[PDB]
>>> print(open('entry_24.pdb').read())   # PDB, C-alpha atoms
ATOM      1  CA  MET A   1     -71.233  -5.697-202.172  1.00  0.00           C
ATOM      2  CA  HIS A   2     -72.132  -9.330-202.799  1.00  0.00           C
ATOM      3  CA  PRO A   3     -72.245 -10.778-206.364  1.00  0.00           C
ATOM      4  CA  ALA A   4     -75.808 -12.077-205.894  1.00  0.00           C
ATOM      5  CA  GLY A   5     -76.935  -8.908-204.165  1.00  0.00           C
ATOM      6  CA  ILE A   6     -77.415 -10.810-200.896  1.00  0.00           C
ATOM      7  CA  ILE A   7     -77.256  -8.629-197.776  1.00  0.00           C
ATOM      8  CA  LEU A   8     -76.458  -9.991-194.300  1.00  0.00           C
ATOM      9  CA  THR A   9     -74.677  -7.859-191.710  1.00  0.00           C
ATOM     10  CA  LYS A  10     -76.508  -8.500-188.444  1.00  0.00           C
ATOM     11  CA  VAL A  11     -74.109  -9.594-185.720  1.00  0.00           C
ATOM     12  CA  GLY A  12     -74.424 -13.259-184.801  1.00  0.00           C
ATOM     13  CA  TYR A  13     -76.108 -14.296-188.037  1.00  0.00           C
ATOM     14  CA  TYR A  14     -74.435 -16.576-190.552  1.00  0.00           C
ATOM     15  CA  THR A  15     -75.237 -18.760-193.529  1.00  0.00           C
ATOM     16  CA  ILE A  16     -74.238 -22.254-194.672  1.00  0.00           C
ATOM     17  CA  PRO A  17     -72.662 -22.121-197.109  1.00  0.00           C
ATOM     18  CA  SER A  18     -71.110 -18.882-195.847  1.00  0.00           C
ATOM     19  CA  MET A  19     -71.768 -15.575-197.642  1.00  0.00           C
ATOM     20  CA  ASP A  20     -68.282 -15.898-199.083  1.00  0.00           C
ATOM     21  CA  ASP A  21     -69.028 -19.256-200.731  1.00  0.00           C
ATOM     22  CA  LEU A  22     -72.500 -18.223-201.897  1.00  0.00           C
ATOM     23  CA  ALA A  23     -70.803 -15.534-203.986  1.00  0.00           C
ATOM     24  CA  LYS A  24     -68.456 -17.952-205.737  1.00  0.00           C
ATOM     25  CA  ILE A  25     -71.301 -20.174-206.946  1.00  0.00           C
ATOM     26  CA  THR A  26     -73.070 -17.095-208.353  1.00  0.00           C
ATOM     27  CA  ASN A  27     -73.402 -16.771-212.139  1.00  0.00           C
ATOM     28  CA  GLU A  28     -72.254 -13.733-214.151  1.00  0.00           C
ATOM     29  CA  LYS A  29     -75.880 -12.552-214.221  1.00  0.00           C
ATOM     30  CA  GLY A  30     -75.860 -11.947-210.469  1.00  0.00           C
ATOM     31  CA  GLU A  31     -77.988 -15.000-209.648  1.00  0.00           C
ATOM     32  CA  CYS A  32     -77.459 -17.396-206.754  1.00  0.00           C
ATOM     33  CA  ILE A  33     -79.273 -20.721-206.378  1.00  0.00           C
ATOM     34  CA  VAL A  34     -77.897 -23.217-203.858  1.00  0.00           C
ATOM     35  CA  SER A  35     -78.991 -26.588-202.447  1.00  0.00           C
ATOM     36  CA  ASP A  36     -79.346 -27.178-198.694  1.00  0.00           C
ATOM     37  CA  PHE A  37     -79.298 -23.619-197.366  1.00  0.00           C
ATOM     38  CA  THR A  38     -78.987 -22.725-193.696  1.00  0.00           C
ATOM     39  CA  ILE A  39     -79.144 -19.312-192.033  1.00  0.00           C
ATOM     40  CA  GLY A  40     -78.893 -19.009-188.294  1.00  0.00           C
ATOM     41  CA  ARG A  41     -77.951 -16.785-185.392  1.00  0.00           C
ATOM     42  CA  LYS A  42     -75.524 -18.061-182.784  1.00  0.00           C
ATOM     43  CA  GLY A  43     -77.348 -18.930-179.574  1.00  0.00           C
ATOM     44  CA  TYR A  44     -80.840 -18.276-180.928  1.00  0.00           C
ATOM     45  CA  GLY A  45     -81.523 -20.816-183.646  1.00  0.00           C
ATOM     46  CA  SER A  46     -81.308 -21.712-187.303  1.00  0.00           C
ATOM     47  CA  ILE A  47     -83.446 -22.384-190.351  1.00  0.00           C
ATOM     48  CA  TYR A  48     -82.526 -25.222-192.699  1.00  0.00           C
ATOM     49  CA  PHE A  49     -83.776 -25.280-196.303  1.00  0.00           C
ATOM     50  CA  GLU A  50     -83.433 -28.539-198.272  1.00  0.00           C
ATOM     51  CA  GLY A  51     -83.431 -28.504-202.064  1.00  0.00           C
ATOM     52  CA  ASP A  52     -82.843 -25.536-204.369  1.00  0.00           C
ATOM     53  CA  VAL A  53     -82.966 -22.027-202.917  1.00  0.00           C
ATOM     54  CA  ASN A  54     -82.800 -18.850-205.014  1.00  0.00           C
ATOM     55  CA  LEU A  55     -81.045 -16.219-202.886  1.00  0.00           C
ATOM     56  CA  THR A  56     -80.827 -13.603-205.693  1.00  0.00           C
ATOM     57  CA  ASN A  57     -81.192 -10.021-204.398  1.00  0.00           C
ATOM     58  CA  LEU A  58     -82.464 -11.201-201.027  1.00  0.00           C
ATOM     59  CA  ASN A  59     -82.034  -8.745-198.176  1.00  0.00           C
ATOM     60  CA  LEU A  60     -81.647 -11.307-195.368  1.00  0.00           C
ATOM     61  CA  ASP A  61     -81.229  -8.498-192.841  1.00  0.00           C
ATOM     62  CA  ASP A  62     -84.881  -7.495-193.397  1.00  0.00           C
ATOM     63  CA  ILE A  63     -86.234 -10.953-194.248  1.00  0.00           C
ATOM     64  CA  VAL A  64     -84.811 -13.353-191.627  1.00  0.00           C
ATOM     65  CA  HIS A  65     -85.377 -12.728-187.925  1.00  0.00           C
ATOM     66  CA  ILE A  66     -84.301 -15.324-185.381  1.00  0.00           C
ATOM     67  CA  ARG A  67     -85.110 -14.397-181.797  1.00  0.00           C
ATOM     68  CA  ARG A  68     -85.482 -16.229-178.461  1.00  0.00           C
ATOM     69  CA  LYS A  69     -88.194 -18.822-179.092  1.00  0.00           C
ATOM     70  CA  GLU A  70     -89.264 -17.072-182.268  1.00  0.00           C
ATOM     71  CA  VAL A  71     -88.456 -17.004-185.954  1.00  0.00           C
ATOM     72  CA  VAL A  72     -90.015 -14.657-188.489  1.00  0.00           C
ATOM     73  CA  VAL A  73     -89.316 -14.863-192.213  1.00  0.00           C
ATOM     74  CA  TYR A  74     -90.673 -11.733-193.950  1.00  0.00           C
ATOM     75  CA  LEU A  75     -91.946  -9.227-191.374  1.00  0.00           C
ATOM     76  CA  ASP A  76     -94.593  -7.767-193.695  1.00  0.00           C
ATOM     77  CA  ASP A  77     -97.113  -9.848-195.676  1.00  0.00           C
ATOM     78  CA  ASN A  78     -97.314  -7.070-198.274  1.00  0.00           C
ATOM     79  CA  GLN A  79     -93.724  -7.920-199.208  1.00  0.00           C
ATOM     80  CA  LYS A  80     -93.711 -11.721-198.999  1.00  0.00           C
ATOM     81  CA  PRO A  81     -93.494 -13.736-202.249  1.00  0.00           C
ATOM     82  CA  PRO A  82     -95.881 -16.625-202.996  1.00  0.00           C
ATOM     83  CA  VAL A  83     -95.358 -20.041-201.387  1.00  0.00           C
ATOM     84  CA  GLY A  84     -92.481 -21.906-202.999  1.00  0.00           C
ATOM     85  CA  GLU A  85     -90.456 -18.776-203.761  1.00  0.00           C
ATOM     86  CA  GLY A  86     -87.602 -17.100-201.901  1.00  0.00           C
ATOM     87  CA  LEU A  87     -87.506 -18.221-198.279  1.00  0.00           C
ATOM     88  CA  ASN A  88     -91.277 -18.579-198.110  1.00  0.00           C
ATOM     89  CA  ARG A  89     -91.044 -22.333-198.521  1.00  0.00           C
ATOM     90  CA  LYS A  90     -90.741 -25.506-196.456  1.00  0.00           C
ATOM     91  CA  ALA A  91     -87.880 -25.625-193.983  1.00  0.00           C
ATOM     92  CA  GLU A  92     -86.776 -27.020-190.639  1.00  0.00           C
ATOM     93  CA  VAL A  93     -86.575 -24.528-187.805  1.00  0.00           C
ATOM     94  CA  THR A  94     -84.407 -24.938-184.717  1.00  0.00           C
ATOM     95  CA  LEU A  95     -85.018 -22.518-181.832  1.00  0.00           C
ATOM     96  CA  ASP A  96     -82.270 -22.728-179.189  1.00  0.00           C
ATOM     97  CA  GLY A  97     -82.055 -21.616-175.561  1.00  0.00           C
ATOM     98  CA  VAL A  98     -85.703 -22.456-174.915  1.00  0.00           C
ATOM     99  CA  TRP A  99     -86.522 -23.468-171.317  1.00  0.00           C
ATOM    100  CA  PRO A 100     -89.550 -23.022-168.999  1.00  0.00           C
ATOM    101  CA  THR A 101     -89.429 -20.703-165.948  1.00  0.00           C
ATOM    102  CA  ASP A 102     -89.754 -21.761-162.306  1.00  0.00           C
ATOM    103  CA  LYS A 103     -92.935 -20.122-160.938  1.00  0.00           C
ATOM    104  CA  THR A 104     -91.227 -19.257-157.631  1.00  0.00           C
ATOM    105  CA  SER A 105     -87.572 -18.428-158.329  1.00  0.00           C
ATOM    106  CA  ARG A 106     -88.337 -17.051-161.779  1.00  0.00           C
ATOM    107  CA  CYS A 107     -85.158 -18.789-162.903  1.00  0.00           C
ATOM    108  CA  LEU A 108     -85.061 -21.024-166.000  1.00  0.00           C
ATOM    109  CA  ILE A 109     -85.540 -24.790-165.702  1.00  0.00           C
ATOM    110  CA  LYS A 110     -82.752 -26.840-167.319  1.00  0.00           C
ATOM    111  CA  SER A 111     -83.046 -29.936-165.139  1.00  0.00           C
ATOM    112  CA  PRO A 112     -83.720 -32.911-167.473  1.00  0.00           C
ATOM    113  CA  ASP A 113     -85.775 -34.783-164.867  1.00  0.00           C
ATOM    114  CA  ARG A 114     -87.868 -31.676-164.164  1.00  0.00           C
ATOM    115  CA  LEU A 115     -88.403 -31.068-167.882  1.00  0.00           C
ATOM    116  CA  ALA A 116     -89.500 -34.704-168.238  1.00  0.00           C
ATOM    117  CA  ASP A 117     -91.841 -34.494-165.234  1.00  0.00           C
ATOM    118  CA  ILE A 118     -93.740 -31.466-166.546  1.00  0.00           C
ATOM    119  CA  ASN A 119     -93.613 -32.888-170.085  1.00  0.00           C
ATOM    120  CA  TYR A 120     -92.196 -29.633-171.425  1.00  0.00           C
ATOM    121  CA  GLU A 121     -91.379 -31.147-174.836  1.00  0.00           C
ATOM    122  CA  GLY A 122     -94.961 -32.389-175.178  1.00  0.00           C
ATOM    123  CA  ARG A 123     -96.002 -28.806-174.456  1.00  0.00           C
ATOM    124  CA  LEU A 124     -93.771 -27.615-177.295  1.00  0.00           C
ATOM    125  CA  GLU A 125     -95.032 -30.428-179.538  1.00  0.00           C
ATOM    126  CA  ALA A 126     -98.607 -29.266-178.976  1.00  0.00           C
ATOM    127  CA  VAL A 127     -97.713 -25.644-179.765  1.00  0.00           C
ATOM    128  CA  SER A 128     -96.051 -26.760-183.016  1.00  0.00           C
ATOM    129  CA  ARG A 129     -99.192 -28.690-183.956  1.00  0.00           C
ATOM    130  CA  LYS A 130    -101.558 -25.804-183.190  1.00  0.00           C
ATOM    131  CA  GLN A 131     -99.514 -23.621-185.569  1.00  0.00           C
ATOM    132  CA  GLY A 132     -99.490 -26.224-188.340  1.00  0.00           C
ATOM    133  CA  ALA A 133     -95.811 -27.192-188.099  1.00  0.00           C
ATOM    134  CA  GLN A 134     -94.393 -30.694-187.677  1.00  0.00           C
ATOM    135  CA  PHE A 135     -92.594 -31.131-184.356  1.00  0.00           C
ATOM    136  CA  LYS A 136     -89.316 -33.038-184.736  1.00  0.00           C
ATOM    137  CA  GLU A 137     -87.732 -32.861-181.274  1.00  0.00           C
ATOM    138  CA  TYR A 138     -86.667 -30.956-178.188  1.00  0.00           C
ATOM    139  CA  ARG A 139     -83.105 -31.390-176.914  1.00  0.00           C
ATOM    140  CA  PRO A 140     -82.914 -30.461-173.166  1.00  0.00           C
ATOM    141  CA  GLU A 141     -79.152 -29.803-173.218  1.00  0.00           C
ATOM    142  CA  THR A 142     -79.410 -26.730-175.423  1.00  0.00           C
ATOM    143  CA  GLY A 143     -83.122 -26.033-175.070  1.00  0.00           C
ATOM    144  CA  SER A 144     -83.377 -26.762-178.801  1.00  0.00           C
ATOM    145  CA  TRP A 145     -86.921 -26.926-180.144  1.00  0.00           C
ATOM    146  CA  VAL A 146     -87.015 -28.370-183.681  1.00  0.00           C
ATOM    147  CA  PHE A 147     -89.926 -28.481-186.118  1.00  0.00           C
ATOM    148  CA  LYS A 148     -90.755 -28.297-189.816  1.00  0.00           C
ATOM    149  CA  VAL A 149     -93.016 -25.875-191.671  1.00  0.00           C
ATOM    150  CA  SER A 150     -94.590 -25.899-195.131  1.00  0.00           C
ATOM    151  CA  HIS A 151     -93.719 -22.213-195.487  1.00  0.00           C
ATOM    152  CA  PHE A 152     -93.685 -18.921-193.582  1.00  0.00           C
TER     153      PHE A 152
END
>>> encode(input="entry_24.pdb", output="structure tokens")
Amino acid sequence: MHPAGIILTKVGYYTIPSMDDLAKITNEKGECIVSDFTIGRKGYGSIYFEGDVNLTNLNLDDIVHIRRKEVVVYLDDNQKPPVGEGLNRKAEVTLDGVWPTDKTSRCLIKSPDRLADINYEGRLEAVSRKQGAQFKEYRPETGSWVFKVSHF
């Protein structure tokens, strides 16, 4: 059991500060509110939250989902708080391991020159814009697509 009632057990996921530290800074009333929160999943991506974040009683296992080229925060709209509350607020999302596929070999394309030639990052920048997010960058080395959102 965690002092703030925070639940995170999914393999590969982690938080910054860690779940251990989040407990320490929890008040005797079982509340946890930290500044600059990050939750990610090794090899898939991470979500950075600047400012104050109230983690009290949050079941991260059911709320945060970080998959290949996709992040979902609150699977069901019927159970998502209003903008500004919980994790339904502005954040910076990093999606790792994202690369295009060669039409012939069906193998991923990591070649920097090839990625430049097909303007893959511009393709990702356009997708971020169409969804209302603010593209920040694409790092070829790790296939890291970064962009900001107002909320989820």
>>> resolve_selection(input="entry_24.pdb", expression="the PyMOL selection byres ((chain A and resi 104-112) around 12)", output="VMD selection string")
chain A and resid 97 to 103 113 to 121 138 to 144
>>> resolve_selection(input="entry_24.pdb", expression="the PyMOL selection byres ((chain A and resi 38) around 10)", output="list in words")
residues 14, 15, 16, 17, 18, 35, 36, 37, 39, 40, 46, 47, 48, 49, 50, 91, 92 and 93 of chain A
>>> write_last_selection(input="entry_24.pdb", atoms="C-alpha atoms", output="PDB file, keeping the file's coordinate frame")
ATOM      1  CA  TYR A  14     -74.435 -16.576-190.552  1.00  0.00           C
ATOM      2  CA  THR A  15     -75.237 -18.760-193.529  1.00  0.00           C
ATOM      3  CA  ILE A  16     -74.238 -22.254-194.672  1.00  0.00           C
ATOM      4  CA  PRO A  17     -72.662 -22.121-197.109  1.00  0.00           C
ATOM      5  CA  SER A  18     -71.110 -18.882-195.847  1.00  0.00           C
ATOM      6  CA  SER A  35     -78.991 -26.588-202.447  1.00  0.00           C
ATOM      7  CA  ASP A  36     -79.346 -27.178-198.694  1.00  0.00           C
ATOM      8  CA  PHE A  37     -79.298 -23.619-197.366  1.00  0.00           C
ATOM      9  CA  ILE A  39     -79.144 -19.312-192.033  1.00  0.00           C
ATOM     10  CA  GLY A  40     -78.893 -19.009-188.294  1.00  0.00           C
ATOM     11  CA  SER A  46     -81.308 -21.712-187.303  1.00  0.00           C
ATOM     12  CA  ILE A  47     -83.446 -22.384-190.351  1.00  0.00           C
ATOM     13  CA  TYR A  48     -82.526 -25.222-192.699  1.00  0.00           C
ATOM     14  CA  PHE A  49     -83.776 -25.280-196.303  1.00  0.00           C
ATOM     15  CA  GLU A  50     -83.433 -28.539-198.272  1.00  0.00           C
ATOM     16  CA  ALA A  91     -87.880 -25.625-193.983  1.00  0.00           C
ATOM     17  CA  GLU A  92     -86.776 -27.020-190.639  1.00  0.00           C
ATOM     18  CA  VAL A  93     -86.575 -24.528-187.805  1.00  0.00           C
TER      19      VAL A  93
END
>>> atom_distance(input="entry_24.pdb", atom1="CA of residue 8 in chain A", atom2="CA of residue 147 in chain A")
24.3 Å
>>> closest_residue(input="entry_24.pdb", among="A:77, A:152, A:4, A:12", to="residue 89 in chain A", atoms="only C-alpha atoms")
A:152
>>> residues_around(input="entry_24.pdb", residues="range 51-67 of chain A", least_positions_apart="3", cutoff="8 Å", atoms="all atoms listed in the file", output="count of residues only")
29
